[PDB]
2 protein chains.
Amino acid sequence: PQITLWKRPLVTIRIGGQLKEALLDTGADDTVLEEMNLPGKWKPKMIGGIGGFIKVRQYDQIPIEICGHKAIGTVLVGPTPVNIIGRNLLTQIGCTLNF
Amino acid sequence: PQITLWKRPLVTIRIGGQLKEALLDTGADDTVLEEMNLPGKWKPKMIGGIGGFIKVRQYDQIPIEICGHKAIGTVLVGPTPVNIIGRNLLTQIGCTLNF
Ligand SMILES: Cc1cccc(C)c1OCC(=O)N[C@@H](Cc1ccccc1)[C@@H](O)C[C@H](Cc1ccccc1)NC(=O)[C@H](C(C)C)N1CCCNC1=O
């Protein structure tokens, strides 16, 4: 697909039975979703946004489907105002910026 | 150009004869640059994201050259952690996400 940037590039993502709306975000190093009880081990982490840092839980090797494209990798969970798909997963679905 | 996402999509911009490094950010509605002096009558503004809110100065109709592509639009100036080129200017230079 080609995705223009006239509005926020919001897409449907799927993880283990849950559907969520998430931002395709080239300015984010990693992927963060709010409110979800993922399975497995996790470790605490701090990530920086425009106003400062939030605390998140880092889950590794989590399968996620984004616009029908399968991926697997690190998913952070914490109090993000908007669900974000970051570069760690964007690369996995073959996403580039073009102009 | 095509820009991949294994690394941060940092590119050189030119504004008021100054060269700066800025992030091409599909997750940003607005363009926000680190503290600098720009001429013109700016309006005080607040923006909130991950980590909360910052105070910025909104300058309108500012020319900026992004990888040799000319844009003229709104630029926010304040204590952003990194120079950010948002969708308002990315659309002016014909930038899309593709996968
Ligand atoms: C940098 C990073 C590292 C690891 C993991 C993650 C998720 C990371 O990214 C976190 C992050 O906030 N990145 C931002 C840019 C960034 C990178 C590095 C440091 C600081 C910031 C940006 O791309 C996304 C973020 C999304 C957002 C969040 C809450 C509300 C609305 C939007 N967008 C915004 O904050 C924008 C700003 C930039 C104008 N924004 C806020 C006003 C309303 N609308 C809007 O679009």
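Keep in mind that residues are numbered from 1 along each chain as the sequence reads, not by the entry's scheme, and that residues without coordinates are left out. Written order determines the labels here, with chains lettered from A and ligands numbered from 1. With hydrogens and water set aside, each side-chain value is computed from the structure's full complement of heavy atoms. Residues with missing side-chain atoms are left out of burial classes, side-chain pairs and their counts.

Structure determination for this entry is recorded as X-ray crystallography, at 1.95 Å resolution.

## Remarks on unusual backbone geometry
Condition: Under the scheme applied here, a residue whose accessible area is under 20% of the maximum for its type counts as buried, over 50% as exposed, and between as partly exposed, the area being computed with a 1.4 Å probe on protein chains only.
Positioned with a positive phi, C67(A) is a non-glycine residue whose angle comes to about 50°. Using a relative accessible area of 33% as the deciding quantity, one classes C67(A) as partly exposed.

## Things to note about the UniProt feature "domain: Peptidase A2" (unreviewed entry) in chain A
To be explicit about the condition: UniProt positions are given in the numbering used here, feature names are shortened, and annotations may be inferred rather than shown by experiment. By the criteria applied, helices consist of DSSP H or I runs no shorter than four residues and strands consist of E runs no shorter than two, each listed in order from the N terminus.
In the numbering used here, UniProt assigns the feature "domain: Peptidase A2" (unreviewed entry) to residues 20-89 of chain A. Across residues 20-89 of chain A one finds 4% helix and 54% strand; the C-alpha atoms that close the span lie 15 Å apart.

## Brief notes about the sheet that holds strand 9 (residues 96-98) of chain A
The line we're drawing: At least two bridges found by DSSP between two strands is the condition for calling them paired.
Strands sit in the order 1(A)-9(B)-9(A)-1(B) across an open sheet of four strands; the sheet is antiparallel. If you trace the sheet from one side to the other, it starts and ends with strand 1 (2-3) of chain A together with strand 1 (2-3) of chain B, each paired once. Relative to strand 9 (residues 96-98) of chain B, strand 1 of chain A runs antiparallel, the two sharing two bridges. Considered in strand 9 of chain B, the bridge of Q2(A) is made with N98(B).

## Quick word on the site of the ligand
Heads up, the rule is: Neighbouring residues are identified by heavy atoms, a residue being near a molecule or strand if any of them is within 4 Å of it. For this analysis, a polar contact is any N or O atom pair within 3.5 Å, provided that within protein one partner can donate a hydrogen and the other can accept it, and provided that sequence-adjacent residues contribute only side-chain to side-chain pairs. For the area figures, the Shrake-Rupley method with a 1.4 Å probe applies, and any residue is considered shielded solely by the protein chains shown. A 1.4 Å probe that fits but cannot get out identifies a cavity on a 1 Å grid over protein atoms alone, an open set with protein on both sides within 12 Å along at least five of seven lines counts as a pocket, and a residue lines either if it has an atom within 4 Å of a point. Each molecule is checked against the cavity or pocket grid, and it sits inside if more than half of its atoms lie within 2 Å of the grid points.
With respect to spatial proximity, 24 residues lie near the ligand, and among them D25(A), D25(B), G27(B), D29(B) and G48(B) are the closest. Close to the ligand, residues of chains A and B are found. Between the ligand and the protein, one listed contact pairs an oxygen atom with a side-chain N or O atom of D25(A) at 2.8 Å. Compared with its free state, where it exposes 830 Å², the ligand has 92% of that area covered by protein. Mapping the ligand onto the cavity grids shows that it belongs to the largest pocket. Only strand 5 (43-48) of chain A together with strand 5 (43-49) of chain B provide two or more residues apiece to the shell around the ligand.

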